[PDB]
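**Student:** Okay, here's the structure, questions in a sec.
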Amino acid sequence: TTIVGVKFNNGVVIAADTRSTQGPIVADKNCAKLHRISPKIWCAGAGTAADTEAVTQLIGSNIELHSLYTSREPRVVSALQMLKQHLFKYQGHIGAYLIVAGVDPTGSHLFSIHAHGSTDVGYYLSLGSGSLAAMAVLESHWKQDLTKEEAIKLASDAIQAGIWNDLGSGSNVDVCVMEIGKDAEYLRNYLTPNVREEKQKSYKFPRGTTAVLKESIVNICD
Amino acid sequence: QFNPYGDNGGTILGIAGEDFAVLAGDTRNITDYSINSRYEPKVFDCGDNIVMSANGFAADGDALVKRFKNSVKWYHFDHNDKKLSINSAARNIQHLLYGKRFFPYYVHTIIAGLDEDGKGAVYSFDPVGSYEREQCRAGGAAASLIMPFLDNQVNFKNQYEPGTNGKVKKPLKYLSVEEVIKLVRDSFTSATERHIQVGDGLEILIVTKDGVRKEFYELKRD
Amino acid sequence: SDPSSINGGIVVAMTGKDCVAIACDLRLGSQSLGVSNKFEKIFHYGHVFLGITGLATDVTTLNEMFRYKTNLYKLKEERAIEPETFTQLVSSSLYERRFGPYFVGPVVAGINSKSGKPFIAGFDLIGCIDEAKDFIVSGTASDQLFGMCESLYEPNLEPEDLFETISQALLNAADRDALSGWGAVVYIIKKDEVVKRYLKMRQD
Amino acid sequence: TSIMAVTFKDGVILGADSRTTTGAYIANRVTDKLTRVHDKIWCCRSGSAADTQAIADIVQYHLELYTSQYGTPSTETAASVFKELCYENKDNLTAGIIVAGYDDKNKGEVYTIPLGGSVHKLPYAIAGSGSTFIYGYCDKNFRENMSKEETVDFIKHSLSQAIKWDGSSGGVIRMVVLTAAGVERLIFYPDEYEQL
Amino acid sequence: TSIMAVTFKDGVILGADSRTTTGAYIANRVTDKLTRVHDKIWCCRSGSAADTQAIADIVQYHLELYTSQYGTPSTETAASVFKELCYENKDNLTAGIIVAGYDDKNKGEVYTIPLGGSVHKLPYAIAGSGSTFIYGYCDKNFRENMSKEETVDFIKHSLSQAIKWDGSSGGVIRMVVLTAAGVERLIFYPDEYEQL
Amino acid sequence: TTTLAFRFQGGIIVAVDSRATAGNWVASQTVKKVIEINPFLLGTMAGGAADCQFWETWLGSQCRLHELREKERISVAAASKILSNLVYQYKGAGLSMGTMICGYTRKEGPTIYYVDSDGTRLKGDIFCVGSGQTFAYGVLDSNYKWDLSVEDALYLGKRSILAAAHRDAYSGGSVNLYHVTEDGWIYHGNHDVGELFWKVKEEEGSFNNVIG
Amino acid sequence: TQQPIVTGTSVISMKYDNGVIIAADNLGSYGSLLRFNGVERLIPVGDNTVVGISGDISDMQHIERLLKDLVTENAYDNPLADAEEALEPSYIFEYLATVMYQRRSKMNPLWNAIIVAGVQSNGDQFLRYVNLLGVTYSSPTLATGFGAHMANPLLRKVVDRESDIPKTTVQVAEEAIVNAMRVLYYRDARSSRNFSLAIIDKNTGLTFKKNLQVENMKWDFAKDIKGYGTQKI
Amino acid sequence: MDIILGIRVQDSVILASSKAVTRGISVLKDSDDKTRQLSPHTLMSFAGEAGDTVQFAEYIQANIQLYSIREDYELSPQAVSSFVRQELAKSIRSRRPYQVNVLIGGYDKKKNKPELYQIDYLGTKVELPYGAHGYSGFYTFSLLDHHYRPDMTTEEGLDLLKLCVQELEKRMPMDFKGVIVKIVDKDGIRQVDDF
Amino acid sequence: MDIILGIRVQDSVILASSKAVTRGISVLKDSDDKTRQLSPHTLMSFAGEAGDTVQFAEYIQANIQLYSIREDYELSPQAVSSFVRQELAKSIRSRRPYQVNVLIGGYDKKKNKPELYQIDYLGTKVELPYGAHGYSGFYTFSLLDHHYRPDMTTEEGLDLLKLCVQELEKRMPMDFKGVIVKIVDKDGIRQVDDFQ
Amino acid sequence: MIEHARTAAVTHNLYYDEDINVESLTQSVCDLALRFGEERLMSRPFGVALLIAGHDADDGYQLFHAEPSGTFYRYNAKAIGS
Ligand SMILES: C/C=C\NC(=O)[C@H]1NC(=O)[C@H](CC(N)=O)NC(=O)[C@@H](NC(=O)C(=O)[C@H](C)CC)Cc2ccc(O)c(c2)-c2cccc3c2NC(=O)[C@@]3(O)[C@@H]1O
Ligand SMILES: [Mg+2]
Ligand SMILES: [Mg+2]
Ligand SMILES: [Mg+2]
Ligand SMILES: [Mg+2]
């Protein structure tokens, strides 16, 4: 997994790969890792995928309840504090590492949360297996006062570095942009550089190839 | 604390034909979740129409290949430049491997060539030298992913004649060199798709009664 | 001694043109010793199908619990549960025991009654949803099934062809696994017709 | 991690580095290791980032409630809150915290709490991984009732030596000055303290 | 144990403490941690007393034989002998040795050899348990081509701070000055360097 | 792995499977677990694959050496004890081999020896070694008779290997069957377990629990 | 050697149209302590080979002595030590790799990762790697430690395949190497701002630059970072 | 361990259980009935950890008897097997789980059919024509798979169990001191006088 | 373990040895003779680790036969017992010791007296009227201590051993598949045709 | 000499799963001849000549004369002795 977040002058972008692996085996070649805590607060996950998904959904539900209670737009600091307190409560046993970006009434926010309950703030962040490779791109190409397209390109290039030079990442690149004045735009498969080449032969078997002992219709209706 | 063994990934496959043999392997060499090289060949021509690969610990593989090449050199020197038969090479490799029975070469070995009758031949060796001649054999990381596929398309396993209701099995045939090349490329593309340690490139050595030729094909780099 | 490898078994689901398929092995054994050749792993709730691989007792417990939950769901909503809703239910039920997990690998398959969309999904022992459109695999021969599927599959398969493909994949993966085999079943699920066929394979 | 707090005639100054590393990889090189628990009561944290952040958040909550109920807390009160949280949960916490405050009654005060929850009031306190490398220098270069400029220089030199020798420390030197005039944040970049 | 060696314009000076402890008990409080391997080549020892003593005895034997055969050895030669003995037996040795010598050609030289047998030539070298506490001070107070008095003062202050902070060091500060004039042995008692 | 050997009036019957596994992954099903030591001596490969194969081939070389030195066929006891002494010299070093050396000599008649990596050397009449030794033992001990014909003894060995391959998960692939008389050994074919199961089920009326 | 003591961090190297470039920091770390500076980890052998060693510094000095002895032995009874019969990079590599694999096989390895970079007699660029396990691999970009994780992506963006080597200039390769050194200094706790860099060009020869420093560092944005989430001052 | 065998012949279920309980190097008893009559037409044989077996068996027995008294009705063998499987599945993840393996043999009067269930200490239930717990199966199955016919009579099943017991007495490293054999049919549960 | 029993009657020594060899969960053989005729008037029964038993027994047999051939004389049972005890005592401190327990039954023709020796894998030799190796003694002794009389005939000793075998077949968790019984008297070593 | 020749033949068979060539066997035997002198040496050279006949697939039928001089010759017909 390779996830990155980059803040630009008018908001924040996050990006991730789309390769979920069960050990050395690729389980899903198009697993979206960008989750939605709130309509304009998103987060990329790494580590125990089930733990990340579950804590993100729980904090998103509680944040939606909080917004319906306070009649105010959700805030990134609130999701940050709730995630951090829960993770610290379970003493890192929830193996979730998140890069949480968002736009709220207070502005743009980009943070990172670790499984044990620590949080970091920065303009560019990277987490996951390829987090080093992506970071190599970031530290090489990040500057203050980035434009939207500049930050998008930087995040996509960091994710591409994680895809090419890290065995834990690959496939496509998902992006989510959150600008101050607009809605959040979730570009699923923003870049698809790993299209599979056409197979050398078709393996459509001639019907009747498999030996069948007995067939019986099963009534699914009631 | 010093572990004298390491894993470099990789996948090799050898298919024996009627009048030819083919030994192919991915050109990717890795360590943990990082890529060490995208073209470090492991399928070597050792002369006398004998191609050899020892996939696994790259150091042990290189050592075993070097020792076998030296053994072929000394065999030519000591026995009137007699050509080394593939079965003789297999027995010599068994003895080489079992020499380090208690410090095994952490490599699965596959050699390919032509037998004394001019037929294609492939021999497989476990790390300590248990050897067997087989029609098709894959070894390495994606071995578990390729060996069943071969059973379905090389030996026609579980494939029965259409319309015979599983009474008559599929008639076995000798696949052409083009067919085995197709099958090898499809196997390696699928391995690149589903295995993180396979990709970058596929190098095929084809041993016919006219000698050894090469065929290189690009693979996905994720 | 691995709780997922004491009893053994394999399940694989695939999709095609307006159809899905879900297949499983029929083997149950105490490691080396094979005990039962009639342990089917594909259960059905309404028009959704669930194949569970892993520790057999957890498989049966999950089957019973999900039957319970789907029955209560139908009694409350007065409608049959859809594959996506059941997938979410399986994920939530699995994660509910995150620190005391069920050593299983559920796989859901079906066709959405209202939209006709073929839908398959997989899970790990803690409920991580793996929603692939091509195929989902689980069991002791997960790697062999992965190879067979990534090699044989091509999208938009008719039921009679998807059956052959999934059956060949399951058989050639089970013959490469010592803890899988002893029979196999394949369900071909269409919008209004679901057929179940027992396969003939090696009993070793 | 290299942290310190020094009391000078006008108040107190906390100083720290900005390098938080997971092993040998610099996870964050712009970390703000100076945390505010009250308007003029700050803390330098060392050790488990999660533990230190949780302790600081709980102390800030308790001090906000104390402010709302009984007025401005003394530096000693924040020190005791930190001490309670660290000592009672010593078997599950890995945090060493220096607490520096300024109140017109007691001037400026510094309390260091190492592992175990012990609390020690000191004129100047140093802590963290790099502190071991500047124990001598500080003891040879510390004076009481210093001025703002010389106290900043002392903290800068100490943290520069700590960063130079301890690989676990680095980045930029951040200082927080608590005086009657208020709270001032100073930053010194590597191109400045490396040439010292 | 706290040991160091400093090169000044007239030659070199080795300095050490005198506290050898078996655990928390001060086994010997008058230990002579400065050992002579040649007339103007000495070594400061840290670590396993048995290992350091055996290494020093074997080095003294080899240097005596070198003197008998090929004349007076260079400081680098004794450094290389120490390096061989430590590196080849790294799996069975726990010793860190500083070697300081004076020869009219190269003036004074200092070679520190830590664990593992690596040899590093330095203008001034520090080692031992207390060294970690004086890494900063020394780097801030060391200068090249100092005078004899200034070198003695530098070593005295560094070892005094190390003794103050490191409990494994203590006793009296022992120094050996190697110059063209010869070998001088200096001792400084606690009642002197504690007030520094 | 399941290997069996038993002596009867017609000679010796040897029957092995062909499955080699590394855990749950069947590495191969074309393994030859009967090692043709020489035209008169056979060995069963149960245990460590490379260990058994290498050391039984070395045993064959030593038997050829003995025949060159003494101008006389080596006795089954002699070769079995050679292998036993070798493995005892390698005892504790990590070898794992449970093999049966079977032969038919003029002095000894039909003779079967069990030699294991622990140095145990046992002359016997009915021996089963491997993960599925229990199943073949059951079948044989139930249906064994010294007065069996060559055909019936061959079928009994094949059926015991079949039962083992069915129940045992680590045994399977194919059945290799050998018949050893005084004039040497005779190969009686390689029978694929997949088809042999259905044939035996239809002809024997057995394996009723399985449906086909 | 069973446990490294004084350790050397990353080493980086790449190929360009006319040769190779290698670089390494000048830091000897005593674990977490940045104990020694000015420790040269690039060892030149002749006018066509540079060996970059990362790991146990004692074993690095042992390899230095071994390389010097190899040069001395190749000088013996060799009137062509100046020309055809001079030490080629491939010879030095293969020797070091044999030594490393032997030390591994004896359960007493040289705790090092070595990158041999040079130009052969025929002008071909030689870049190869060995480690304490004896593993050998060659790629247009090669790095050790954190180098292999961070510098390799940046350097591969310049030369992803062999076909990119003829197009890459010496200036591009040197700039990429300097950028990789800066990135390592950013995100490697055991890195040093002072490093050394060797360029082996089949035409220019061996250029060895010592005492180089990381320049043009971006640290201003650190002033805007406040707290770890909710804090503002 | 202890020998627990079961076979399902036409209109009957035969259960065999070792008579030996040995703690240490001394065989404490050679006449142990490792079965519990759950209901007049359902018997359960048990083996495993000392103490847990008898406790779990008597607990299940009490529960089944209470159900039969409350509803004035005998639960089908399938229902009893499901109940025992749920009990064992709840046990496996408890503080101290039950390490007991059971064979349930019953005669479903509603179907007039014999039913045999094998359940382990983990809660793995299977309905099989022949079943065994422990190492016993490792031998017995090989015989049964060959000599079992679905239309077998009760005497044929007894002879088959005798062959299995002979094989166990030959190739087992332990002397289980014979077996107690019980037959469950439409007329209830009876004990073979001598096997 | 394997059952190894021996009794010494007025004019004979009777040895009982298990017929069962079991590797794993399968009894490989039910007719195993766990004895080796060392000399025409001296037999030795053995039990213990697989392989070591037969190897040690045949080694002792070869040595005793070589001595009897060289000196044309049969060594007394005491000499053979001392030799095997010395062999086992040398074995215990070797790299891979012999884990074999033996009972030696002989008839000293020079004394015309029966003699029974018990030796374990450690080299602990004792001359006893009745002896047993393994758990067997834990039962058999209790019988023998009551039912053994020095003037017992060979038939009385056989009946006593049969009673011991019955008790073992009753209260042992193992089926040793009967015992092979051998009688050593003035006329040599003979085997009882049937003992059950 | 005969023992060494037999051992070399069977060892080449074990190592290469093939029959040793006649010339190779004759050379291996001759290699022992000059291993004499004053434990890699013996007291005296051999006092016997050998006619080594054989057949291999490479050179067909072959006859060799092997002397204690370590030298061997291929004869179409050779007589040695009195
Ligand atoms: C073949 C007929 C009967 N014999 C078997 O059938 C047995 N061996 C095998 O399959 C495979 C062959 C193959 N090509 O896979 N051997 C290895 O892998 C080798 N292991 C290795 O190199 C390793 O250490 C790595 C961890 C593996 C990559 C050789 C070896 C080494 C030490 C051993 O103690 C054994 C085997 C061993 C002994 C007793 C029984 C078994 C063994 N090993 C098992 O795996 C098995 O259990 C199986 O039964
Ligand atoms: Mg890949
Ligand atoms: Mg990648
Ligand atoms: Mg199978
Ligand atoms: Mg089977």
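So you can find residues: chains in the structure tokens are A, B, ... in the order shown, residues in each start at 1, and ligands are numbered from 1 in order.
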Output as a PyMOL selection string the set of chain E residues within 9 Å of chain G, with distances taken over only C-alpha atoms.
**Tutor:** chain E and resi 87+90-91+114-120
**Student:** What are the residues of chain C that have an atom within 9 Å of an atom of chain A, counting only C-alpha atoms, as a PyMOL selection string?
**Tutor:** chain C and resi 44-48+91-92+95+98-99+124+126-132+136-137+143+146+151-154+160-165+167-168+192-201
**Student:** At a cut-off of 7 Å, using only C-alpha atoms, what residues contact residue A:17? Leave out same-chain residues fewer than 6 positions from it and give the result as a VMD selection string.
**Tutor:** chain A and resid 1 to 3 159 163 169 to 174
**Student:** Could you write those residues out with C-alpha atoms, as a compact mmCIF listing (two decimals), in the first residue's frame?
**Tutor:**
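Contents of result_4.txt, freshly written:
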```
# COMPACT_ATOMS: atom_id res chain seq x y z
CA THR A 1 0.00 0.00 0.00
CA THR A 2 1.19 3.51 -0.92
CA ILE A 3 -0.88 6.51 0.18
CA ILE A 159 1.78 6.97 -5.93
CA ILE A 163 3.59 1.43 -7.61
CA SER A 169 1.77 -1.40 -4.27
CA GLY A 170 0.77 -1.36 -7.92
CA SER A 171 -2.09 -1.21 -10.42
CA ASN A 172 -3.92 2.12 -10.70
CA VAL A 173 -3.97 5.49 -8.92
CA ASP A 174 -7.00 6.81 -7.03
```
**Student:** Quick one: residues within 6 Å of ligand 4, with only C-alpha atoms and all ligand atoms, as a ChimeraX atom specification?
**Tutor:** /C:174-181,204
**Student:** What residues have any atom no more than 12 Å from ligand 5 when counting only C-alpha atoms and all ligand atoms, and can you list them as a ChimeraX atom specification?
**Tutor:** /C:27-29,31-37,174-183,201-204 /F:1-2,17-19,24,26,131-132,135,161-174,193-194,197 /H:142
**Student:** Can you list, as a PyMOL selection string, every protein, DNA or RNA residue that comes within 9 Å of residue I:172 when you count only C-alpha atoms, leaving out same-chain residues fewer than 3 positions away?
**Tutor:** (chain H and resi 22+25-27+174-175) or (chain I and resi 136+167-169+175)
**Student:** With C-alpha atoms kept, could you save the residues just selected as an mmCIF file, in the first residue's frame?
**Tutor:**
```
data_model
loop_
_atom_site.group_PDB
_atom_site.id
_atom_site.type_symbol
_atom_site.label_atom_id
_atom_site.label_comp_id
_atom_site.auth_asym_id
_atom_site.auth_seq_id
_atom_site.Cartn_x
_atom_site.Cartn_y
_atom_site.Cartn_z
ATOM 1 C CA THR H 22 -5.648 -46.020 32.239
ATOM 2 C CA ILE H 25 1.391 -46.601 34.003
ATOM 3 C CA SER H 26 -1.501 -48.563 35.557
ATOM 4 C CA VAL H 27 -4.741 -49.599 33.859
ATOM 5 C CA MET H 174 -2.079 -49.964 23.365
ATOM 6 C CA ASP H 175 -4.344 -52.588 24.938
ATOM 7 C CA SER I 136 8.512 -53.668 34.224
ATOM 8 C CA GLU I 167 0.416 -59.036 35.966
ATOM 9 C CA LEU I 168 2.102 -57.025 33.207
ATOM 10 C CA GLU I 169 -0.581 -57.951 30.667
ATOM 11 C CA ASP I 175 0.528 -54.662 24.525
#
```
**Student:** From a DSSP pass on the backbone, collect the residues of chain B flagged as alpha helix (DSSP H) and hand them back as a PDB file with C-alpha atoms, in the first residue's frame.
**Tutor:**
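Writing done, so here's selection_8.pdb:
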```
ATOM      1  CA  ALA B  58      20.208 -16.085  -5.712  1.00  0.00           C
ATOM      2  CA  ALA B  59      23.617 -16.629  -4.105  1.00  0.00           C
ATOM      3  CA  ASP B  60      23.097 -20.389  -3.775  1.00  0.00           C
ATOM      4  CA  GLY B  61      21.631 -20.517  -7.280  1.00  0.00           C
ATOM      5  CA  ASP B  62      24.622 -18.762  -8.826  1.00  0.00           C
ATOM      6  CA  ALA B  63      26.974 -20.984  -6.812  1.00  0.00           C
ATOM      7  CA  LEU B  64      25.280 -24.192  -7.972  1.00  0.00           C
ATOM      8  CA  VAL B  65      25.181 -23.049 -11.606  1.00  0.00           C
ATOM      9  CA  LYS B  66      28.875 -22.125 -11.462  1.00  0.00           C
ATOM     10  CA  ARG B  67      29.747 -25.493  -9.915  1.00  0.00           C
ATOM     11  CA  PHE B  68      27.771 -27.367 -12.575  1.00  0.00           C
ATOM     12  CA  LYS B  69      29.459 -25.415 -15.371  1.00  0.00           C
ATOM     13  CA  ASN B  70      32.817 -26.283 -13.804  1.00  0.00           C
ATOM     14  CA  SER B  71      31.751 -29.932 -13.617  1.00  0.00           C
ATOM     15  CA  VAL B  72      30.853 -29.909 -17.320  1.00  0.00           C
ATOM     16  CA  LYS B  73      34.223 -28.317 -18.117  1.00  0.00           C
ATOM     17  CA  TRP B  74      36.089 -30.983 -16.136  1.00  0.00           C
ATOM     18  CA  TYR B  75      33.892 -33.712 -17.652  1.00  0.00           C
ATOM     19  CA  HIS B  76      34.974 -32.603 -21.124  1.00  0.00           C
ATOM     20  CA  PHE B  77      38.589 -32.416 -19.934  1.00  0.00           C
ATOM     21  CA  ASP B  78      38.698 -35.840 -18.269  1.00  0.00           C
ATOM     22  CA  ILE B  86      21.014 -34.863 -19.701  1.00  0.00           C
ATOM     23  CA  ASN B  87      20.541 -37.802 -17.319  1.00  0.00           C
ATOM     24  CA  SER B  88      24.244 -37.704 -16.438  1.00  0.00           C
ATOM     25  CA  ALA B  89      23.956 -33.971 -15.770  1.00  0.00           C
ATOM     26  CA  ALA B  90      20.897 -34.634 -13.602  1.00  0.00           C
ATOM     27  CA  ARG B  91      22.748 -37.233 -11.526  1.00  0.00           C
ATOM     28  CA  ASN B  92      25.737 -34.899 -11.177  1.00  0.00           C
ATOM     29  CA  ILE B  93      23.410 -32.126  -9.989  1.00  0.00           C
ATOM     30  CA  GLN B  94      21.814 -34.526  -7.499  1.00  0.00           C
ATOM     31  CA  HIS B  95      25.253 -35.266  -6.072  1.00  0.00           C
ATOM     32  CA  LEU B  96      26.190 -31.564  -6.037  1.00  0.00           C
ATOM     33  CA  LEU B  97      23.020 -30.704  -4.107  1.00  0.00           C
ATOM     34  CA  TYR B  98      23.242 -33.616  -1.668  1.00  0.00           C
ATOM     35  CA  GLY B  99      26.859 -32.680  -0.952  1.00  0.00           C
ATOM     36  CA  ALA B 143       5.030 -22.202  -8.869  1.00  0.00           C
ATOM     37  CA  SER B 144       1.783 -22.980  -7.030  1.00  0.00           C
ATOM     38  CA  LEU B 145       0.086 -20.622  -9.506  1.00  0.00           C
ATOM     39  CA  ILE B 146       1.489 -22.183 -12.699  1.00  0.00           C
ATOM     40  CA  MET B 147       1.769 -25.932 -12.051  1.00  0.00           C
ATOM     41  CA  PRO B 148      -2.031 -26.535 -11.903  1.00  0.00           C
ATOM     42  CA  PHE B 149      -2.593 -24.496 -15.081  1.00  0.00           C
ATOM     43  CA  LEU B 150      -0.046 -26.688 -16.883  1.00  0.00           C
ATOM     44  CA  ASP B 151      -1.907 -29.790 -15.691  1.00  0.00           C
ATOM     45  CA  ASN B 152      -4.985 -28.405 -17.439  1.00  0.00           C
ATOM     46  CA  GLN B 153      -3.275 -27.386 -20.694  1.00  0.00           C
ATOM     47  CA  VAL B 177       7.261 -24.964 -29.830  1.00  0.00           C
ATOM     48  CA  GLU B 178       4.905 -22.080 -30.626  1.00  0.00           C
ATOM     49  CA  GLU B 179       2.236 -23.602 -28.374  1.00  0.00           C
ATOM     50  CA  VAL B 180       4.590 -24.065 -25.423  1.00  0.00           C
ATOM     51  CA  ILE B 181       5.850 -20.495 -25.908  1.00  0.00           C
ATOM     52  CA  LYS B 182       2.246 -19.241 -25.837  1.00  0.00           C
ATOM     53  CA  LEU B 183       1.580 -21.248 -22.675  1.00  0.00           C
ATOM     54  CA  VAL B 184       4.752 -19.996 -20.967  1.00  0.00           C
ATOM     55  CA  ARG B 185       3.971 -16.361 -21.763  1.00  0.00           C
ATOM     56  CA  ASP B 186       0.385 -16.715 -20.536  1.00  0.00           C
ATOM     57  CA  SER B 187       1.594 -18.402 -17.337  1.00  0.00           C
ATOM     58  CA  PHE B 188       4.093 -15.617 -16.667  1.00  0.00           C
ATOM     59  CA  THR B 189       1.584 -12.851 -17.443  1.00  0.00           C
ATOM     60  CA  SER B 190      -0.885 -14.423 -15.007  1.00  0.00           C
ATOM     61  CA  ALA B 191       1.893 -14.739 -12.422  1.00  0.00           C
ATOM     62  CA  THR B 192       2.757 -11.056 -12.870  1.00  0.00           C
ATOM     63  CA  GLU B 193      -0.938 -10.234 -12.458  1.00  0.00           C
ATOM     64  CA  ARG B 194      -1.386 -12.233  -9.241  1.00  0.00           C
TER      65      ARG B 194
END
```
**Student:** As a PyMOL selection string, please: all residues of stretch 29-155 of chain C that backbone DSSP puts in strand (DSSP E or B).
**Tutor:** chain C and resi 29-30+33-36+42-45+48-51+54+104+107-111+118-122+130+135-139
**Student:** Find the spatial neighbours of residue E:158, counting only C-alpha atoms, within a cut-off of 12 Å - ignore same-chain residues fewer than 4 positions away - and output them as an NGL selection string.
**Tutor:** (:D and (134-137 or 139-140)) or (:E and (2-6 or 15-17 or 124-127 or 130-142 or 151-154 or 162-166 or 173 or 193-194 or 196))
**Student:** For those residues, write C-alpha atoms to a file as a CSV table (one decimal), in the first residue's frame.
**Tutor:**
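Once everything was written out, this is result02.csv:
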```
chain,number,residue,atom,x,y,z
D,134,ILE,CA,24.8,17.7,26.5
D,135,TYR,CA,24.8,16.9,30.2
D,136,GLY,CA,28.3,18.2,30.6
D,137,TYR,CA,28.0,21.4,28.4
D,139,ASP,CA,26.3,22.0,33.6
D,140,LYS,CA,29.3,24.1,32.5
E,2,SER,CA,35.9,7.6,31.2
E,3,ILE,CA,39.0,7.9,29.0
E,4,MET,CA,40.3,10.3,26.4
E,5,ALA,CA,43.5,11.4,24.5
E,6,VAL,CA,44.2,14.8,23.1
E,15,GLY,CA,43.5,11.0,30.6
E,16,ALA,CA,41.3,8.6,32.5
E,17,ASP,CA,39.5,8.1,35.8
E,124,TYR,CA,41.2,14.0,20.2
E,125,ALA,CA,39.3,10.8,21.1
E,126,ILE,CA,36.9,10.0,23.9
E,127,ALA,CA,35.6,6.7,25.1
E,130,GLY,CA,31.2,8.7,30.8
E,131,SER,CA,32.2,9.7,27.2
E,132,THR,CA,28.5,10.0,26.2
E,133,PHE,CA,28.1,12.8,28.7
E,134,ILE,CA,31.0,14.9,27.4
E,135,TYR,CA,30.5,14.5,23.6
E,136,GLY,CA,29.0,18.0,23.4
E,137,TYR,CA,31.4,19.9,25.8
E,138,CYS,CA,34.5,18.5,24.1
E,139,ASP,CA,33.2,19.4,20.6
E,140,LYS,CA,32.5,22.9,21.9
E,141,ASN,CA,35.8,23.3,23.8
E,142,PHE,CA,38.5,21.4,21.8
E,151,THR,CA,45.3,20.5,27.1
E,152,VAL,CA,45.5,19.4,30.7
E,153,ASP,CA,42.6,21.8,31.6
E,154,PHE,CA,40.5,20.5,28.7
E,162,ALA,CA,32.0,12.7,33.0
E,163,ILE,CA,32.8,11.6,36.6
E,164,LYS,CA,30.0,13.8,37.9
E,165,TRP,CA,27.4,12.4,35.6
E,166,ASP,CA,28.5,8.8,35.0
E,173,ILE,CA,41.9,11.9,37.3
E,193,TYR,CA,38.3,18.8,39.9
E,194,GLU,CA,34.9,18.8,41.6
E,196,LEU,CA,35.6,23.2,38.5
```
**Student:** Which one is closest to ligand 3: A:166, A:139, A:64, A:197? Count only C-alpha atoms and all ligand atoms.
**Tutor:** A:166
**Student:** Around ligand 3, at most 12 Å away and counting only C-alpha atoms and all ligand atoms, which residues are there? Put them as a PyMOL selection string, please.
**Tutor:** (chain A and resi 1-2+17-19+21+24+26+129-131+133-134+159-172+193-194) or (chain B and resi 28+30+32-36+38+192-193+195-200+220-222) or (chain G and resi 149+153)
**Student:** May I ask you to write as a list in words all residues lying at most 7 Å from ligand 1, with only C-alpha atoms and all ligand atoms counted?
**Tutor:**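 If we count only C-alpha atoms and all ligand atoms, the neighbours of ligand 1 turn out to be residues 104, 106, 125, 126, 127, 128 and 130 of chain B; 1, 19, 20, 21, 22, 23, 27, 28, 31, 33, 45, 46, 47, 48, 49, 50, 94, 95, 96 and 97 of chain F.
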**Student:** Hey, list the chain C side of the contact with chain B: 6 Å cut-off, only C-alpha atoms, answer as a compact mmCIF listing (two decimals) with C-alpha atoms, in the first residue's frame.
**Tutor:**
```txt
# COMPACT_ATOMS: atom_id res chain seq x y z
CA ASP C 143 -2.86 -19.79 -4.65
CA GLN C 144 -3.72 -22.61 -7.06
CA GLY C 147 -3.49 -19.09 -10.79
CA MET C 148 -6.24 -21.12 -12.46
CA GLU C 150 -6.12 -15.54 -13.61
CA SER C 151 -5.20 -17.92 -16.45
CA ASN C 172 -7.07 -28.54 -11.30
CA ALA C 173 -6.56 -26.50 -8.12
```
